[PDB]
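Cβ coordinates were reconstructed from backbone atoms using ideal geometry, including for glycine residues, and neighbour counts include every protein chain displayed. None of the figures in this text is laboratory data; all of them are computed from the coordinates on show.
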Amino acid sequence: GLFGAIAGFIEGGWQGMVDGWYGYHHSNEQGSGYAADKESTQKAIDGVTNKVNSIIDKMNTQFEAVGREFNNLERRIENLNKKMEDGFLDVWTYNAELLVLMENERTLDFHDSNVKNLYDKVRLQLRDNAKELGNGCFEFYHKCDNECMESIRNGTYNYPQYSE
Amino acid sequence: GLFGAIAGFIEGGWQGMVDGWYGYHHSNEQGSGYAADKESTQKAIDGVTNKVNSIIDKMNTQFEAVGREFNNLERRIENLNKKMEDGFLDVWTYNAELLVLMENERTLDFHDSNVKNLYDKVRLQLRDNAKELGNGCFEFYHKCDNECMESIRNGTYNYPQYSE
Amino acid sequence: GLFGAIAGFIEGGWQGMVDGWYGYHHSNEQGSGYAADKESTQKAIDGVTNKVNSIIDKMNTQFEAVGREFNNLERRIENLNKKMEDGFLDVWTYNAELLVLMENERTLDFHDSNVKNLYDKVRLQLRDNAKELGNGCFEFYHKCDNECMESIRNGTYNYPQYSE
Amino acid sequence: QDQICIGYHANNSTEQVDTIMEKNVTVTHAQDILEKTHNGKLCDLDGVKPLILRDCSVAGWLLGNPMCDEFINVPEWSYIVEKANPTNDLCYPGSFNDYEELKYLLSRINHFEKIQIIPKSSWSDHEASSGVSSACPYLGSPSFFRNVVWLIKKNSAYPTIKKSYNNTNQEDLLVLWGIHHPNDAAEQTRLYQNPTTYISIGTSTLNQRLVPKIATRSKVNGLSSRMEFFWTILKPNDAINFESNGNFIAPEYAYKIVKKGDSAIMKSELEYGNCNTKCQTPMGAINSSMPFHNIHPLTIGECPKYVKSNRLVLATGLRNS
Amino acid sequence: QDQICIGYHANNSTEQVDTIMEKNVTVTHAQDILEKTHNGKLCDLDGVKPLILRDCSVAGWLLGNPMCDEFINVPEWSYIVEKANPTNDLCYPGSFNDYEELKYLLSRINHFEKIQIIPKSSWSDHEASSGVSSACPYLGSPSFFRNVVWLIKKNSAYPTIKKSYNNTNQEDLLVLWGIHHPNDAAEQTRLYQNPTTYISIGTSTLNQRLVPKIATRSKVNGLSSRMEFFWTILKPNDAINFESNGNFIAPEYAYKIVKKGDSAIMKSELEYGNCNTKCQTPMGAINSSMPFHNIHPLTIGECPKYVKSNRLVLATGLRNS
Amino acid sequence: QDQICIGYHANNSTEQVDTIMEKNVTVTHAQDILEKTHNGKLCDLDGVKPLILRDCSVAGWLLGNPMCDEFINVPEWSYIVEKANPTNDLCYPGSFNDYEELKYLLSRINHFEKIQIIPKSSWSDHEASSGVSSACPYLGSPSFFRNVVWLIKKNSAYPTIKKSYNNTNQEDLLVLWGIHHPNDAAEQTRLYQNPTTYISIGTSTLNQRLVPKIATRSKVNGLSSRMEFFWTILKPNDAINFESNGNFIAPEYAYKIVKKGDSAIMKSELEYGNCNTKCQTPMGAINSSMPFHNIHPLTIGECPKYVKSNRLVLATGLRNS
Ligand SMILES: *[C@@H]1O[C@H](CO)[C@@H](O)[C@H](O)[C@H]1NC(C)=O
Ligand SMILES: *[C@@H]1O[C@H](CO)[C@@H](O)[C@H](O)[C@H]1NC(C)=O
Ligand SMILES: *[C@@H]1O[C@H](CO)[C@@H](O)[C@H](O)[C@H]1NC(C)=O
């Protein structure tokens, strides 16, 4: 957790959410449920799809390898051939493996970022009108039905709703 | 927006700011205006200048290429020559392109970081004495002229100014 | 400071802390002191140990180099030999140096992340019961002895302790 | 009361990935980009079938080793498969000049058409049907390479041969010929009367002169004598000229190069499977969309990139616990 | 009330960059590091002018093809420009031994000085002015290469030549000579009386013996005969020794290597522009500060790094909308 | 009141690191991964001592230059050390065929055993003890290479030699021999009576015929004559056959290859130190756990990876101020 959201202040994940990577869980008068954030989830999808195809596409002209034979008195250039082909093989193997190691990390922390920023997107809406529990949950001081919830989950929460 | 500042809780950018990358917009009794943060902007300048010259300098000993000719019965080593020069050409092309792809991203998110941390630099100064609007703006409970503003924009905001 | 913690809102480091990378300084009735966070510090240790051994292990099959000699009329393949060995030497030198440049940065900002998230781990515990000073310190409204402190530094701070 | 919470997906996946700072991280979604499977067969390559020399080598094939008659006439191939150590090569001991260069040429050819450039019947004043050896046997009887003819003396005389051939075709010609290096002067006279002999061969580009080396050597296949073979490429409308007073292994059949193309000479102990593929390696064919494989560097066809890794898994989802 | 806001720069720039996770991201500031432009000319390289062989090749130049007299005496060059398929090469058909090695040597030379090592007048007992052919014509009359002399018999006799030359100079000498391979014995006697001939050439390092190959070959430039050329590098204070009783194409002019240096042999169909540059490619010169170009791998001078990309743009500013 | 604060470690370290965006960043902890030190000696490599030819070269060693007797019998080596310009090479001027290929073979050998294959006493009808020169002197008196014998005529006659040697051993044999190229016909008759001579050499694989080239050449070590040396590898149970009527530098000692292995031929001006190491470079040995060095590309033993950097420091701690 480079951004402290996933496996950070949030204790784990929701098996129940099956429609996206990040979302909300609500509990009101009319009932409780889950709802994935189509925005951040879609942007994430384009993020990893584009990353994947970028990594694949960047490495399509690697090094091909054709067989060449040499006699008993061409041992030096046979050695040169062998060492150069193994050489390229090694630099490209290193490139692939290394790139995987880097972009895996950047990807996980990208998810972390998405969750944190989602949480903040809400926190900045429900200012005084709710309290921060500390586990990624907000406790309301007012009463929010499925319409106040829907209006939150699209950015249009109307703070004008008093306090105390 | 990996840090959620640029195109995040801030809805976009100020055409009016023409003296730096990050800054403030104030609106008081004496009037309104913009002012770029010379600190974070300068550090950013050194950040990207050093990054640029680091990328250029790291890749000055690439692979040169000299012409060699081979007769009709030196087809194997002609092939070896050709494949090795194209090989290096490919690994270096890959290196340049890949490095650009990585450091572009790291650079953009570096700007994001700068903006977020600037915002926090202020937020941590104007604690109770102002409210967080949610768009990167603070609404004052007290009255701040161009001297309270200047004192904010250099880190010396005096919180001792009551509340309520 | 990509995450704004180290050399950000925290003005510097504690010479007095000698048992870890991140920790706390308390000042109560019974006295004052320092205490490193074994959790985040341990995870950091595994982070940099694993990074180090990953960088070393990824680059153990580099390019070896065997001496080959050529006569006065094998100048072309002598040149080919020379240029290919210097070529690999250059791509691997570039790989090592570049990788160092990248992972150094990622490492420093990883520490930044650790500090920020530690601070947040506390801030989310001592909600109303303490005020944010702005320098990474919390001023208590209640009274916390070495047991309230120990309970904080292991995640079990009991907020049920009134306010005002 | 009323509550809203923000959280993230979790599932029942055990797909681990690695990072620079942590190994074996279980995550929700992960894509594998490394192919690690082949079928263990030698398959056709997009409809066109490989040339599988079994216990014959390229030399035995092209020169016409009597034990290589399976490949007397060979259709278009996608690639050639030779063993590491073919048993049927040069039945008569000796060497093949610029052999590796010729194999390399073969990596650029998909189809030969064997044509007769000099009939055996055209050898008036020499014997063309007695040039056979027990080291090159066919069905327990002395034979010889089929595409070249070992000319010997007729009526105790070897008149100097002058033979030319104009390449009237529009394809390039692979032309093979040879010289015989006897073990002793007695053999030289027994075979070609004339004590001191030569073979001169000329084209627009070629101008060589071979002389037999008569000497005692250790025995190979029971023989101390040797055969040394040469080849050249005759351009369309160019001619080849032979002049010799002995030791001349004349050409009989040559090879038209009717199909240039991308081919390869694979060293594999495997035999023909009855399958098709788009990507072939010495150990088997590949059916994959994956961008990488770790099977074999030597490859032919639309193939993934060879890489020395046994594991390359790219994370798509998020961390799981 | 009173308000302060924190925000970031935005401008009217349409400069897009790419990242690993997103393409075509419009930003405020971006620097381009890839040069994609040349002038399409062949220019001087820092004041020193290239050697542009037009329809002559290196062989035609060095041997002195009569149709290559433009380059009889050539000043210091920065680099050499030869076409892919020069028309004026070896007017008399034949070959040039270790040709590619010599071209490679030329990539290391910036200036030759042609000096006369053996005067044509010094050939007492042979004819030095009759060695000409209609295949090497000059102005519609039989000529020959200028820097070598085709010696023939005088008064129906070819006495054995013994000629030595001590390199009194301190520069290394490129020395060229040749052998003539006639088409028939009649030509051999018509040209050099002696039926069986040789050329022996020796230095401190060289010790070779050439013998003419007399044979019928296909015609090239109307000729079935051939000329085979050789070259060597004479060290300062070393001597070269020639002994021959026929078929000897003697040297007349040799080349002092007065300026070693970094040069190159470019294959370009282009001709001389009247310009200067610091970086030259086969398709044109470059005037750039950019660290990269994508024009041509083959390059000479203070040049950017060749790269196969058509776009390399590095972000300096921040995201724009 | 009561306060808790969160903070980070700081110490008194001046260890700077570099990043892509900032140079010279002082930090708390940093590890160095680049070895920059050697001992300047030539050491044993894991107990087995190098072969240090001092002013002798490989040719002088193997042929048995009288000035190279220090290396008459040489034990198992780890690697060979030759100078850039050894003074004791071919005392008698001439050349060594396929020299570089042989050196390359030597990079694959750790131990030779010199055995006598043809006794000097076995030369009945020729003189075997008169083949000496003032260009190959031993202690101010004419000598010659020790492992080969310069055969000359006995009683004004040089009968044709036929000598064969069967490799009864199970190791491969390095066999060296030579030809003498006189300066004139007078020398040819003075040394071997017979005017026109040859050397024919045959194995299962080898079939060559050398003829002396008699010619005037410039003097090297006072001589205009030359010696040309050849070598071959005799397989177990194969035989080598020599036939010659003159100019033959017969073999006397050959070399058993009893230990194949990974070796190297280093060019170093250095001399033997009395030390051990696990990693050796031409400029000195290395004692390191570090994964990288920047000392020399050419290396033998369990070594770090050569890299062109003079600084590679990896950050472990955090930023310090
Ligand atoms: C081959 O034959 C054709 C026509 O018969 C002729 O044009 C050509 O000159 C001949 N080739 C040679 C080099 O003799
Ligand atoms: C060349 O001449 C100089 C002086 O005339 C002499 O020192 C040298 O020996 C000669 N070179 C040879 C190898 O004959
Ligand atoms: C060498 O000798 C052994 C037995 O003496 C024999 O088997 C072998 O044939 C000989 N080698 C040759 C090629 O003469």
At 0.36 nm per residue, minus the direct Cα-Cα distance, what do residue E:187 and residue E:309 gain on full extension? Give it in nm, one decimal, please. 37.9 nm
Say a label goes 7 Å from Cα toward Cβ at residue F:278 in every copy; what distances in nm does this one have to the rest, shortest first? 4.9, 4.9
CD proxy at 222 nm, helix term only [per DSSP H run n ≥ 4: -39500 (n - 2.57); per residue of the protein assembly as shown; nearest 500]: -7000 deg cm²/dmol
For B:147-155, mean number of other protein chain Cβ atoms within 10 Å: 1
When a footprinting reagent is the concern and you count Cβ atoms within 10 Å, what order do B:153, E:217 take, fewest first? B:153, E:217
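Could you give the length gained on full extension between residue F:1 and residue F:26, defined as 0.36 nm per residue of separation minus the Cα-Cα distance, in nm?
On the way: separation 25, 0.36 × 25 = 9.00 nm, distance 3.60 nm.
Using 0.36 nm per residue and subtracting the Cα-Cα distance, I get 5.4 nm.
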Rounded to the nearest whole number, the Stokes-Einstein translational diffusion coefficient of the range D:138-251 at 37 °C and 0.692 mPa s (Kirkwood radius, C-alpha pairs) in µm²/s is 216 µm²/s
Can you give me the Cα centroid spacing of the range A:101-164 and the range C:109-164 in angstrom? 22 Å
Environment charge of residue F:239, counting only residues whose C-beta is closer than 14 Å and scoring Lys/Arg +1, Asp/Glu -1: +2
Taking a 23 Å limit on the Cα-Cα distance, which of the listed pairs D:49/D:267; F:49/F:260; E:154/E:219; D:162/D:235; D:120/D:256; C:43/D:23 fall beyond it? E:154/E:219
7 Å along Cα→Cβ, label-point gaps from residue F:311 to other copies, nm, shortest first: 3.7, 3.7
How many nm is it between the label spots at residue C:32 and residue D:260, if each spot is 7 Å from the Cα in line with the beta carbon? 8.6 nm
Can you tell me what percent of all Cα-Cα pairs in chain A are more than 28 Å apart? 46 percent
Give me the mean projected area, in nm² to one decimal, of the convex hull enclosing the Cα positions of the range E:2-85. 12.2 nm²
Can you work out the base-10 log of I(q)/I(0) for the protein assembly as shown at q = 0.04, 0.06 1/Å, using the Debye formula on its C-alpha atoms alone? -0.37, -0.75
Provide a whole-number value for the mean count of partner chain Cβ atoms within 10 Å of the Cβ atoms in peptide F:103-110. 3
Among chain F residues, which Cβ is nearest the axis of the F-onto-E rotation, and at how many Å? F:211, 6
Please report, in debye to the nearest 20, how large the charge dipole of the range F:49-270 is about its Cα centre when each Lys and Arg carries +1 at its beta carbon and each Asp and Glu carries -1 there. 260 debye
Hey, can you rank F:156-169, C:67-80 by average C-beta count inside 10 Å, highest first? C:67-80, F:156-169
Contact order relative to length of chain C, as percent, for alpha carbon pairs under 8 angstrom and 6 or more apart: 27 percent
When Cβ neighbours within 10 Å are restricted to other protein chains, what is their mean count per residue of peptide F:304-311? 6
Starting from the Cα gyration tensor of the range A:79-164, take the square roots of the eigenvalues, sort them a ≥ b ≥ c, and report rounded, prolate or oblate (rounded when a/c is under 1.5, otherwise prolate if a/b is larger than b/c, else oblate). prolate
Under unit Cβ charges (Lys, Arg +1; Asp, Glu -1), what dipole magnitude, rounded to 20 debye, does the protein assembly as shown have relative to its Cα centre? 7520 debye
What Kirkwood hydrodynamic radius do you get for the range E:253-297 when you take the inverse of the mean 1/r over all pairs of distinct Cα atoms, in Å? 13.4 Å
Distances in nm from residue A:164 to the matching label points in the other copies, shortest first (labels 7 Å along Cα to Cβ): 0.7, 0.7
Report the full-extension gain for the segment residue F:70 to residue F:101: residue separation times 0.36 nm, less the Cα-Cα distance, to one decimal in nm. 8.7 nm
Which of B:82, E:308 has the fewest Cβ neighbours within 10 Å, and the rest in rising order: B:82, E:308
Choose one of B:122, B:66, B:161: the residue whose Cα lies farthest towards the positive end of the charge dipole of chain B (beta-carbon charges +1 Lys, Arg; -1 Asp, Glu; about the Cα centre). B:66
Per residue, how much space in cubic angstrom lies within the convex hull of the C-alpha atoms of the range D:49-270? 121 Å³
For the peptides E:265-277, B:99-111, what is the packing order when you average, over each peptide's residues, the other Cβ atoms within 10 Å and list the highest mean first? B:99-111, E:265-277
Mean Cβ count within 10 Å, highest first, over the residues of peptides E:249-255, D:244-250, F:77-83: D:244-250, E:249-255, F:77-83
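Let me check against my output: what whole-number percent is the relative contact order of chain F, with C-alpha pairs under 8 Å and at least 6 apart? Display every interim value, and only then the final one.
On the way: 751 pairs, mean separation 92.9, N = 321.
In percent, rounded to a whole number, it is 29.
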tail above 13 Å in the computed P(r) of the range C:36-80, as % of all Cα-Cα pairs, reads 72 percent
Pick out, from B:50, B:26, B:13, the residue whose Cα sits farthest towards the positive end of the charge dipole of chain B, with +1 on the Cβ of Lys and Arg and -1 on the Cβ of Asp and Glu. B:50
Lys and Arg at +1, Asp and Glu at -1: neighbours of residue A:3 with Cβ under 11 Å from its Cβ sum to -2
From fewest to most C-beta neighbours within 10 Å, the residues F:200, D:204 line up as D:204, F:200
Using alpha carbon centers only, the range D:232-298 is separated from the range D:127-200 by a whole-angstrom value of 27 Å
Quick check: net charge around residue F:216, other residues with Cβ under 14 Å of its Cβ, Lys/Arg +1 and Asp/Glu -1? +3
